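Structure first, commentary second.
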Amino acid sequence: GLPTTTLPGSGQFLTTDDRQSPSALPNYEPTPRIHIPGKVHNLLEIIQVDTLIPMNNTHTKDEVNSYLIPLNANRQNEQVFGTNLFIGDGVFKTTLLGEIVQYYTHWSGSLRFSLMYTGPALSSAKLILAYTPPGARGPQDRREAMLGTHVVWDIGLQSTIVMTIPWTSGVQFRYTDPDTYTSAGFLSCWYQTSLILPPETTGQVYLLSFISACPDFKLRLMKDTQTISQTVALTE
Amino acid sequence: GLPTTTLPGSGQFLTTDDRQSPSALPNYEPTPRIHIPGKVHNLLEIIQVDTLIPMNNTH
Amino acid sequence: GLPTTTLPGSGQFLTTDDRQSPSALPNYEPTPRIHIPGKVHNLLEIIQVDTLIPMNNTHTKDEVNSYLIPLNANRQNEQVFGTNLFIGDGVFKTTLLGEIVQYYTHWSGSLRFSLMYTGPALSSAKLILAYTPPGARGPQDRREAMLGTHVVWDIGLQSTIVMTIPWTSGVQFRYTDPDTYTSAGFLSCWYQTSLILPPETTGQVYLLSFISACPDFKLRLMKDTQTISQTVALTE
Amino acid sequence: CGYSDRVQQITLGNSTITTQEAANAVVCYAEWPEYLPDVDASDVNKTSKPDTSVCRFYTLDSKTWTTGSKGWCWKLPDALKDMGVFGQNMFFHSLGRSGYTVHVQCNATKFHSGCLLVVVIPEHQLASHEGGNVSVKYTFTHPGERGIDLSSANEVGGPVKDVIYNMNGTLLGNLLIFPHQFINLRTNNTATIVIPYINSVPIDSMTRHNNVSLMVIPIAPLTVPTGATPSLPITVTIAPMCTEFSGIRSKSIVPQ
Amino acid sequence: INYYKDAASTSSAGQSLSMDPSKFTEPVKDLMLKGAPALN
Amino acid sequence: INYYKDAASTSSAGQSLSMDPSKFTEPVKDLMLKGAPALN
Amino acid sequence: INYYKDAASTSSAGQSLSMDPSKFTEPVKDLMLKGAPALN
Amino acid sequence: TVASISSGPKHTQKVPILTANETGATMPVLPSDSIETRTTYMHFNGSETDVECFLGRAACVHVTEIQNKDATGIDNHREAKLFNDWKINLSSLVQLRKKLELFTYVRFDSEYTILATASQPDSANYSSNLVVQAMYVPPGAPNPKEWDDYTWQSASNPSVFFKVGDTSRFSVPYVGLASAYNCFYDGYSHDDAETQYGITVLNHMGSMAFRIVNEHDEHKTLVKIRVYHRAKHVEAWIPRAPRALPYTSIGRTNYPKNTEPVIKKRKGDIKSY
Amino acid sequence: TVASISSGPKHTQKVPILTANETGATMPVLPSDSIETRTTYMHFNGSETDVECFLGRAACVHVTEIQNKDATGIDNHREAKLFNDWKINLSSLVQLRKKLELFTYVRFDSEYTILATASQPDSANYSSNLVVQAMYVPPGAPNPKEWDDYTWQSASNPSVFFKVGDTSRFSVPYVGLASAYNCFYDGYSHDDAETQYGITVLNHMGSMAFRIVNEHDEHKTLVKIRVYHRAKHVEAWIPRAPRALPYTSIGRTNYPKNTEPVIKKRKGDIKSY
């Protein structure tokens, strides 16, 4: 027999090693594979799909109303919504992008932020979407926000705007968990002109907000999420 | 000697694994094989033969 | 399964063996490598750079003054400085060369010893750098030192002299730790003529002393240094 | 290069649907519905393909969208069990397979505001409102053409009716991962979703299992102009497509 | 790769792939083809 | 090198390298190119 | 022979054999040759 | 591969940032479409995000305690903890259940690793050399009834024996009747008014019975057996909306009544950062 | 390769021994430039002085004690030593810290080797067969709170199980966000008057939690867990001035007040040998 020497760490259980092992059902033939639509090879495919952001997270209990950003008529030079950009926390924690992001430690690449208008067909509004890179204060005015990355959106036949948040970082990867040195910046929305409603129409109208990843998005170092937990083992 | 690391599950008894092992009778020559009619290679051969069903199982 | 026999010493922890082992993060892609200036492949690159020697180590507390070798005007046939040559101890222990040398047990090859003059531009001095190989007494006079390896330095437009201490040994390697059979010899400096100062100028002037290795320098058998120590584990 | 995209029409059998305010139709997973091929088949009985006798549009009873309506849910093929020859074949055959062209319609004036999320969920397994390990009874999961109203109160042995948690423990904003379309009254009057057969098996029981569940959920609430009725009609139209039936046998018996 | 001298030390031969149930299902002197009368 | 008879005994296949998010991001009947009007 | 899938599982690369101390010993704009006056 | 392309000023009648999300399509708009960018490379392949990597690391699925003691004066050996049974399912642990339940259908080869650990809460003089037997009982096979039942002979059922303190590891091919496992099932066992919804033989992998094959001693040793499952050759279909609320039972989608809000309410108005 | 060249008498207007060290260049003057030498060879390659060899041998980085005892009547399981947490950093041991902190940036693959050793200071009749669990908690993952917390299930976090007395060993790829680790950082977490200097998420590798997965027994066993780190594929940039004074904290450059002199004062004047 071949003389061998066992290295340290022999017989230890590491939950990540991928080595071969003996079958408990030898000579077993598995059921044939069938064509099922919707095959997923990698999570970078599904994280690239838009999901609604609960931007109006200012309610006592969870409601459908939490996904509706309120717009008010006859408002000049005022803010519509505002948020920090920690994609593993806050308004993003419950979205598909933020929830998938929470299964990883490091993230990099550009985000796609979208808004859809739902007011009347005879209604009009011009809004300014502004992204403020990290290092600078959360903007207090449109003049302060407009100094940064911005898209002026004329609401018309095309019902949705798509503003892509460019990757602005020195370090190649940011943490998914809120850490100040790896902070992503801020998002704000402001009235560029104002919201004008047609005659015989009243109240507030709403915007729906969506989030998805660009094809240059990256995620690494897997971890268990803290969005679900248990105290006792489940039973059938 | 070759440095090696033993994976988890070493020295466990699994009743289905098919690995080689040492003979307790080395250099032994077995009795020659003879032609015997009715050789079975697989059970799908014999399960294909009809057997009576006790359909009147009401006794 | 293959019959094998485990040799003695199986499952023992040796801190120097370099064998493969399983990754705890399988399929992980590391951040790309970037061009950073100042890449070091081997310590024989950085030990070849000059560092100041605290030759005036005759003060009660550590001061900048400890790096300044004093020169006095109107001194004939007298010593400037003197030292044994244990490069892992004495004046060399705190220098980069001596400090890197202390991480190894054996040393071989030639040393580069340099002096820079700092007196006035109208000032003049002629000095004799003398290296005395081992076996002979530490020199008591310039005539005794001048009998050995020496450089007569005329201080002028070129502000620095570079005297290389040739490898003089029977045995191929010397110990870094002070041992008498593997002693490296002695260094001394003497007034060849005298230091002459220009009119209207007073006091002592200074020389700065430097040490570096020649490209034929060798170090082997790594060990932990005794220039730093701790009694309790550190905390954040 | 002069043309328009809002005008599209679908003709299946003897029925034709026309539109003038349509958003591009959705084809689930970019896969058009198709017949079961020999390389995937398991049951050896040769399949009955009824073509134009079942492959046509059936209109389901209209629902009334009010300012306080929570949403609506339909199960397929259960919602079509009383619809002509498809409904009979679905009960006379032991196994069936079918794709569907779903077309949801909600028309309104140029002054109305509101948005519906029309989404198809494969195996939309419902949760009971009682929690713990309680099961949803067959009679509440198989309502037929009248569907499930999420605005109604919870029932004993029934499913939960909290629309925000999708009746299964997921949030409403994440339903966009499933094939979906929005009926934004400002942009559109119709959503359309072509569904292929989605199952882990080639053909299956049509009476015990619902392959997909259609949900129409108002996201932005209905906002009518001052003095108009605070209600709008919603009509759902479904057509079986690329349908296969196998294993003919006496008519199947189901609860109620 | 076999690590021992004897055939008895080896692992299984897998499966005998050529099967024929006819020697058990139809062990009849005259050959009978399905569809033709068994008896005439 | 595989040390067992069954495919179930093997280590992972690594990664399916050819990806295409379009079947989930744009499952629409008519193909839409970015910059051209979505609707006309 | 490597027994694992990742580069992080490997043993050391040995030594980077091509060394050049000049970038640390003489990082000067104009090149200086020994024997010629450093300054003139 | 390029991540961001080089892009300068834009003055055009084609506007890539305006669209209609009503169509159900999420347009592939890039950073280069909203502002002017420089050329940079991805320099990343995405191997850690593959479905084989996201589902292909071990997680515990069951934990059970078994005891070596005399069977005299006991009517039920399972209630005396002399042997224990596990209805095989991967839905008992929420960390693994949420990852796997993110898809509708999944087809994978399994790899079980069993870790048995001993404990003497009562007086014992030495660490006993106990051997544990893990027996797979597929649906239809007789589940053991006693710690010394005739069933443990295992003339055909797969069985593994290992020393307590050490571990055992065996691979299992895809055992589902269908072409993929059903993580969710909107249906019933039969067309009946009172039958089970969702939980049905579609999710019935079988059972595993655990005993100490060593005879009983003078001291009681409690052995905690921990089963770990790691998936290989993973394929997944129909991605689903992620689970948000806590669970209440295995194989069913129920959530608790009076549950806490899942949306993290913001401090201040919709305009605060 | 020649170490010293053959060289005879010198009579020249080119003087290689005279220079200006003010230029910041250390001239490559050889033994052959000051005196007459013979031809000799290096007959040495310098493999033991490579940065891969100077940083590529194991050194202990953390030592911690954990106990197997009943958790009844305890409010904090970490203060009862039932489980212990380590903020991953290589700056706790001065022998390793000084070698590594000799460069400004270092990029290397890690190799951890964990050694657990048992001890019974109180009465015990046998050597218990304890199994230790080492769990990696990357930043963002829930750090264990109890010895039997739901976090230990480890559905996605890397975890290793091994018998006390033996050792475990696993490799770790370069985990830094940047292209190289920062040994020093002349900066802050944010532009703030009261924020942390130097210590910041640039040096945050994560955490490791350690527990005895075996149940509690009748006797108390103290297990000292020792973590050893060995670097592979090492690259280093910007060589630095060596540390001279003793340290006071992890990740910070502070030294004690009233420290002893580091220059070894000579016995006699500057002329003594």
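Quick note on naming: the chains in the structure tokens go A, B, ... in the order shown, residues restart at 1 in each chain, and ligands are numbered from 1 in order of appearance.
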
* **Expected answer as a PyMOL selection string: chain H residues within 6 Å of chain D, only C-alpha atoms** => chain H and resi 22-24+178-180+184-188+191+193+197+241+243-245+248-249+253-256

Restricted to N, CA and C atoms, what would the selected residues look like written as an mmCIF file, in the first residue's frame?
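Below you can see out-v8.cif, which holds the result:
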data_model
loop_
_atom_site.group_PDB
_atom_site.id
_atom_site.type_symbol
_atom_site.label_atom_id
_atom_site.label_comp_id
_atom_site.auth_asym_id
_atom_site.auth_seq_id
_atom_site.Cartn_x
_atom_site.Cartn_y
_atom_site.Cartn_z
ATOM 1 N N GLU H 22 -45.911 49.972 -19.053
ATOM 2 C CA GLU H 22 -47.193 49.292 -19.124
ATOM 3 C C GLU H 22 -47.128 48.040 -19.978
ATOM 4 N N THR H 23 -46.170 47.956 -20.890
ATOM 5 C CA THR H 23 -45.964 46.833 -21.808
ATOM 6 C C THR H 23 -45.430 45.599 -21.100
ATOM 7 N N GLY H 24 -44.994 45.709 -19.848
ATOM 8 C CA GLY H 24 -44.444 44.583 -19.097
ATOM 9 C C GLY H 24 -42.979 44.304 -19.420
ATOM 10 N N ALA H 178 -41.985 13.448 -11.219
ATOM 11 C CA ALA H 178 -42.041 14.395 -12.328
ATOM 12 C C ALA H 178 -40.629 14.740 -12.832
ATOM 13 N N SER H 179 -40.512 15.626 -13.817
ATOM 14 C CA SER H 179 -39.210 16.059 -14.343
ATOM 15 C C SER H 179 -38.470 17.058 -13.457
ATOM 16 N N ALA H 180 -39.124 17.658 -12.466
ATOM 17 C CA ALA H 180 -38.564 18.628 -11.528
ATOM 18 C C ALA H 180 -39.385 18.611 -10.235
ATOM 19 N N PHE H 184 -44.229 24.554 -5.061
ATOM 20 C CA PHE H 184 -45.612 24.993 -4.888
ATOM 21 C C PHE H 184 -46.551 24.182 -5.762
ATOM 22 N N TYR H 185 -47.756 23.885 -5.283
ATOM 23 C CA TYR H 185 -48.736 23.133 -6.048
ATOM 24 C C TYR H 185 -50.142 23.693 -5.810
ATOM 25 N N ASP H 186 -50.713 24.392 -6.782
ATOM 26 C CA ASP H 186 -52.071 24.921 -6.685
ATOM 27 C C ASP H 186 -53.066 23.815 -7.073
ATOM 28 N N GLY H 187 -53.206 22.811 -6.211
ATOM 29 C CA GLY H 187 -54.067 21.660 -6.455
ATOM 30 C C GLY H 187 -54.230 20.717 -5.266
ATOM 31 N N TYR H 188 -54.882 19.577 -5.493
ATOM 32 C CA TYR H 188 -55.244 18.605 -4.456
ATOM 33 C C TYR H 188 -54.881 17.157 -4.798
ATOM 34 N N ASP H 191 -60.291 14.800 -6.295
ATOM 35 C CA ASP H 191 -61.402 15.755 -6.428
ATOM 36 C C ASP H 191 -62.345 15.552 -5.223
ATOM 37 N N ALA H 193 -63.997 17.403 -1.335
ATOM 38 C CA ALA H 193 -64.319 18.587 -0.543
ATOM 39 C C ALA H 193 -63.483 18.768 0.740
ATOM 40 N N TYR H 197 -54.619 20.273 0.512
ATOM 41 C CA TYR H 197 -54.171 21.227 -0.508
ATOM 42 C C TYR H 197 -52.654 21.419 -0.426
ATOM 43 N N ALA H 241 -41.816 35.603 -6.840
ATOM 44 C CA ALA H 241 -41.715 36.741 -5.930
ATOM 45 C C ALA H 241 -41.144 36.242 -4.583
ATOM 46 N N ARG H 243 -40.307 35.368 -0.616
ATOM 47 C CA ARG H 243 -41.073 35.243 0.637
ATOM 48 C C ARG H 243 -40.759 36.441 1.523
ATOM 49 N N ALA H 244 -41.782 37.041 2.113
ATOM 50 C CA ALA H 244 -41.634 38.201 2.977
ATOM 51 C C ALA H 244 -41.959 37.932 4.451
ATOM 52 N N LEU H 245 -43.080 37.267 4.716
ATOM 53 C CA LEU H 245 -43.572 36.954 6.057
ATOM 54 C C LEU H 245 -43.026 35.643 6.625
ATOM 55 N N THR H 248 -45.353 29.154 9.008
ATOM 56 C CA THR H 248 -46.076 28.455 10.088
ATOM 57 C C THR H 248 -46.084 26.939 9.947
ATOM 58 N N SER H 249 -45.964 26.379 8.740
ATOM 59 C CA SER H 249 -45.930 24.924 8.524
ATOM 60 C C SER H 249 -45.118 24.497 7.308
ATOM 61 N N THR H 253 -48.125 27.479 2.381
ATOM 62 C CA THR H 253 -47.783 28.909 2.258
ATOM 63 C C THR H 253 -48.355 29.827 3.342
ATOM 64 N N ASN H 254 -48.951 29.291 4.405
ATOM 65 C CA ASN H 254 -49.549 30.076 5.490
ATOM 66 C C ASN H 254 -48.551 30.968 6.251
ATOM 67 N N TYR H 255 -49.060 32.068 6.801
ATOM 68 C CA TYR H 255 -48.357 33.049 7.636
ATOM 69 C C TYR H 255 -49.177 33.338 8.905
ATOM 70 N N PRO H 256 -48.578 33.831 10.004
ATOM 71 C CA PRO H 256 -49.317 34.066 11.250
ATOM 72 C C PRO H 256 -50.316 35.224 11.210
#

* To do: Quick one: everything within 12 Å of segment 156-163 of chain H, counting only C-alpha atoms, minus sequence neighbours fewer than 4 positions away in the same chain. Send it as a PyMOL selection string.
  => (chain A and resi 22-26) or (chain B and resi 8-17) or (chain H and resi 112-118+128-144+151-152+167-172+206-214+223+225) or (chain I and resi 129)

* Asked: Got a sec to pull out which chain E residues are within 10 Å of chain C, counting only C-alpha atoms, and send them as a list in words?
  ->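 Close to chain C, chain E has residues 1, 2, 3 and 4 of chain E.
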
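Separating atom CA of residue 45 of chain B from atom CA of residue 21 of chain E is a distance of 4.5 Å.
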
Using all C-alpha atoms paired in order, least-squares fit chain G onto chain F and give me the moved copy as a compact mmCIF listing (two decimals) with C-alpha atoms, in the first residue's frame.
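Contents of superposed_32.txt, freshly written:
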# COMPACT_ATOMS: atom_id res chain seq x y z
CA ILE G 1 -11.03 12.20 -12.57
CA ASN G 2 -14.31 10.58 -11.40
CA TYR G 3 -13.89 7.87 -8.66
CA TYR G 4 -17.54 6.51 -8.89
CA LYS G 5 -19.98 4.91 -11.41
CA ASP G 6 -23.00 7.28 -11.13
CA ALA G 7 -23.48 10.82 -12.44
CA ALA G 8 -25.05 11.67 -9.02
CA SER G 9 -21.63 11.02 -7.42
CA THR G 10 -20.02 13.89 -9.44
CA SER G 11 -19.03 17.40 -8.27
CA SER G 12 -20.88 20.55 -9.61
CA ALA G 13 -20.90 21.48 -13.37
CA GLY G 14 -19.56 25.00 -12.52
CA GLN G 15 -21.59 27.70 -14.34
CA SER G 16 -23.99 27.86 -17.34
CA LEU G 17 -21.92 30.52 -19.20
CA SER G 18 -24.40 31.55 -21.97
CA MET G 19 -26.96 33.91 -20.21
CA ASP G 20 -29.92 35.84 -21.74
CA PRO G 21 -32.13 38.03 -19.42
CA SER G 22 -34.41 39.07 -22.36
CA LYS G 23 -36.88 36.18 -21.80
CA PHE G 24 -37.63 37.72 -18.33
CA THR G 25 -36.97 41.46 -18.93
CA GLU G 26 -38.74 41.79 -22.34
CA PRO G 27 -41.20 38.84 -22.90
CA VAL G 28 -43.19 40.92 -25.49
CA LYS G 29 -44.76 39.71 -28.78
CA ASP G 30 -43.41 42.56 -30.98
CA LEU G 31 -39.67 43.30 -30.44
CA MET G 32 -39.00 46.81 -29.00
CA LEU G 33 -35.70 48.65 -29.71
CA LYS G 34 -34.64 51.40 -27.18
CA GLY G 35 -34.91 54.99 -28.53
CA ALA G 36 -37.81 54.26 -30.91
CA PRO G 37 -41.31 55.08 -29.47
CA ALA G 38 -42.59 52.12 -27.38
CA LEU G 39 -46.13 53.02 -28.62
CA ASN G 40 -47.21 54.93 -31.82

* To do: Based on DSSP run over this structure's backbone, return all residues of chain G in alpha helix (DSSP H), as a list in words.
  =>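 So the alpha helix (DSSP H) residues in chain G would be residues 22, 23, 24 and 25 of chain G.
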
Take the residues that were just selected and, keeping C-alpha atoms, output them as a PDB file, in the first residue's frame.
ATOM      1  CA  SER G  22      16.836  50.747  -9.154  1.00  0.00           C
ATOM      2  CA  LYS G  23      13.210  51.979  -8.763  1.00  0.00           C
ATOM      3  CA  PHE G  24      13.907  52.272  -4.966  1.00  0.00           C
ATOM      4  CA  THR G  25      17.686  52.975  -4.874  1.00  0.00           C
TER       5      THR G  25
END

* To do: Please give the complete set of residues from segment 77-224 of chain A that DSSP, run on the backbone, assigns to strand (DSSP E), formatted as a PyMOL selection string.
  => chain A and resi 79-84+104-108+111-117+124-132+149-154+160-165+174-175+186-196+205-213+218-222

Written selection (C-alpha atoms) as a tab-separated table (two decimals), in the first residue's frame:
chain	number	residue	atom	x	y	z
A	79	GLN	CA	-39.60	68.06	-3.40
A	80	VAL	CA	-41.74	65.03	-4.46
A	81	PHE	CA	-39.67	62.33	-2.67
A	82	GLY	CA	-36.17	61.84	-1.16
A	83	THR	CA	-34.02	58.84	-0.05
A	84	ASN	CA	-30.53	57.68	0.87
A	104	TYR	CA	-24.45	38.95	-0.85
A	105	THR	CA	-21.92	41.16	0.94
A	106	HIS	CA	-20.36	43.19	-1.87
A	107	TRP	CA	-22.09	45.00	-4.77
A	108	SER	CA	-20.90	47.06	-7.76
A	111	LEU	CA	-28.81	50.83	-10.98
A	112	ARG	CA	-31.86	51.54	-13.18
A	113	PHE	CA	-34.48	53.70	-11.41
A	114	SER	CA	-37.86	54.17	-13.18
A	115	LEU	CA	-41.07	56.19	-12.55
A	116	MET	CA	-44.51	55.64	-14.23
A	117	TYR	CA	-47.15	58.41	-14.22
A	124	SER	CA	-49.38	67.51	-17.46
A	125	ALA	CA	-46.29	67.77	-15.25
A	126	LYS	CA	-42.52	68.31	-15.62
A	127	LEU	CA	-40.32	66.70	-12.91
A	128	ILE	CA	-36.55	66.61	-12.19
A	129	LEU	CA	-35.02	63.30	-11.02
A	130	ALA	CA	-31.73	64.09	-9.27
A	131	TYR	CA	-29.00	61.72	-8.04
A	132	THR	CA	-26.42	63.23	-5.65
A	149	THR	CA	-26.69	64.05	-12.01
A	150	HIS	CA	-30.25	64.74	-13.23
A	151	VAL	CA	-33.05	63.96	-15.77
A	152	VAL	CA	-35.80	66.51	-16.56
A	153	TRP	CA	-38.92	64.43	-17.35
A	154	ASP	CA	-41.76	65.83	-19.47
A	160	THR	CA	-42.46	56.10	-17.98
A	161	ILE	CA	-39.00	57.69	-17.46
A	162	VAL	CA	-35.88	55.51	-16.91
A	163	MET	CA	-32.96	57.31	-15.18
A	164	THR	CA	-29.85	55.13	-14.77
A	165	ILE	CA	-27.73	55.87	-11.66
A	174	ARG	CA	-19.55	48.73	-1.92
A	175	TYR	CA	-21.07	46.83	1.01
A	186	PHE	CA	-28.95	60.13	-2.44
A	187	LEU	CA	-32.03	60.31	-4.74
A	188	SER	CA	-34.51	63.15	-4.85
A	189	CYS	CA	-37.36	64.21	-7.16
A	190	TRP	CA	-38.60	67.82	-7.58
A	191	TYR	CA	-41.19	69.80	-9.49
A	192	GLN	CA	-39.40	71.26	-12.59
A	193	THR	CA	-42.47	73.29	-13.61
A	194	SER	CA	-45.59	72.16	-11.67
A	195	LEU	CA	-48.48	69.62	-11.91
A	196	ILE	CA	-51.44	71.02	-13.89
A	205	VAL	CA	-52.32	61.82	-8.55
A	206	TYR	CA	-49.60	59.13	-8.18
A	207	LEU	CA	-46.24	57.92	-9.53
A	208	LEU	CA	-45.11	54.27	-9.29
A	209	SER	CA	-41.38	53.72	-8.62
A	210	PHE	CA	-39.33	50.76	-9.96
A	211	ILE	CA	-35.78	49.38	-9.45
A	212	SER	CA	-33.60	46.99	-11.55
A	213	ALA	CA	-29.89	46.31	-12.21
A	218	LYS	CA	-21.90	42.60	-9.81
A	219	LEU	CA	-22.52	40.76	-6.49
A	220	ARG	CA	-20.10	38.59	-4.44
A	221	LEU	CA	-19.38	36.87	-1.08
A	222	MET	CA	-22.66	35.02	-0.29

* By how many Å are atom CA of residue 21 of chain D and atom CA of residue 65 of chain D apart? ->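 Pair atom CA of residue 21 of chain D / atom CA of residue 65 of chain D returns 19.2 Å.
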